[PDB]
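Only one chain is given next, in structure tokens, and it is the form deposited in one PDB entry.
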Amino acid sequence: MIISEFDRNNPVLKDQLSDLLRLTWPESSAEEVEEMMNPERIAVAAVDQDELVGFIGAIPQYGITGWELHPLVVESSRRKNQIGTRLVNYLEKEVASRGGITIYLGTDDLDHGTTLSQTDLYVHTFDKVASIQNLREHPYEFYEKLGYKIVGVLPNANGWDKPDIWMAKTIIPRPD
């Protein structure tokens, strides 16, 4: 398996990304893939032989300092979590290379995956954020293991008690 910057001129590789996004989330695909091919963004591919098994992207939202991690998609396979970890690490390195400081992301709790759903998050917001528990292997803990910290929540974002969890990580050393 090789991790490299996504070659945006391999059309079948792009269509592989578009099938991957088609199959992981039924909620089509070519339009969003073309948004992910913006030269403004960072696009990283994880390729085994000529098969695309992983893709990760980042959007510069705050100049060059703040980047949003979107999306991360890995074919359901063996070592899925390892490919995802490697892609995250490579993306952090790319963002640092361009003068980036922090990567942040939103991961939704749509079906009671965490203890932040099914509760009124405006009451003791940060006490509930600090005491979060993973109820159904929600991906938030995946990023928590890679150094990302929950720094915010959007109450009722996707419907009542279906919030978005905001996680961030500063990927370069603090100046001293």
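Each residue number is its position in the shown sequence, starting from 1.
Below: the form deposited with a small molecule bound, not depicted.
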is_contact(residue 134, the small molecule) in the entry with it bound, heavy atom dist at most 4.5 Å: yes
Interface membership of residue 93, the small molecule in the entry with it bound, 4.5 Å heavy atom rule: no
The small molecule contact at residue 141 in the entry with it bound, heavy atom, 4.5 Å: yes
In the entry with it bound, residue 97 touching the small molecule (heavy atom, 4.5 Å): no
Contact stretch among 147-155, 39-47, 125-133, 65-73 - heavy atom within 4.5 Å of the small molecule in the entry with it bound: 65-73
